[PDB]
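In: before I ask anything, here's the sequence and the deposited coordinates:
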Amino acid sequence: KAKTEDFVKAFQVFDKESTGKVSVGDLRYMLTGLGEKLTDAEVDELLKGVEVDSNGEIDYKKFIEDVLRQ
């Protein structure tokens, strides 16, 4: 199958200033471009436990490690 390197290189390359955080609107867009075909019906269920901050930033490494499981 594919290794974390496939998913890591996708988001991390966008982080030009290497902060380690990204907006959900941009994070979900690249996943759809990375071989992700989830629909807001299922994605809304998964996001039901994600904790976003008061700035709208989430951790791309955390949501991927929890999606790569299945």
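Out: Received it, and whenever you're ready, just let me know what you need. Numbers count the residues shown, from 1 in each chain.

In: grab the most central residue of the chain for me.
Out: residue 60 (4.1 Å; Cα atoms, centre = their mean).

In: these two touch, right, it and residue 4?
Out: No. Between residue 60 and residue 4 there is no contact under Cβ atoms under 8 Å: 11.7 Å. Yep, even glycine has a C-beta here, placed from its N, CA and C like the rest.

In: before we move on, back to that, I'd like to know how far the residue nearest to the centre of the chain sits from residue 24.
Out: From residue 60 across to residue 24, the span is 10 Å (Cβ to Cβ, to the nearest Å).

In: give the contact list for the residue nearest to the centre of the chain.
Out: 11-12, 21-22, 27 (Cβ atoms under 8 Å, 6 or more residues apart in numbering).

In: how about it, nearest residue that isn't a chain neighbour?
Out: Excluding its sequence neighbours, the residue lying closest to residue 60 (Cβ to Cβ, 6 or more residues apart in numbering) is residue 11, at 4.0 Å.

In: could you show me where the helices are in the protein, in order?
Out: 4-14, 24-33, 40-47, 60-67 (DSSP state H).

In: quick one on the thing from earlier: tell me which of the contacts of residue 60 is nearest to residue 35?
Out: Distances from residue 35 to the contacts of residue 60, taken as Cβ to Cβ, are shortest for residue 11 (13.3 Å).

In: doesn't residue 28 make contact with that closest one?
Out: No. Between residue 11 and residue 28 there is no contact under Cβ under 8 Å: 10.9 Å.

In: what lies in contact with stretch 15-34?
Out: By Cβ under 8 Å, 6+ apart, stretch 15-34 touches 6-7, 10-12, 14, 36, 38, 43, 47, 52, 56-61, 63-64, 67.
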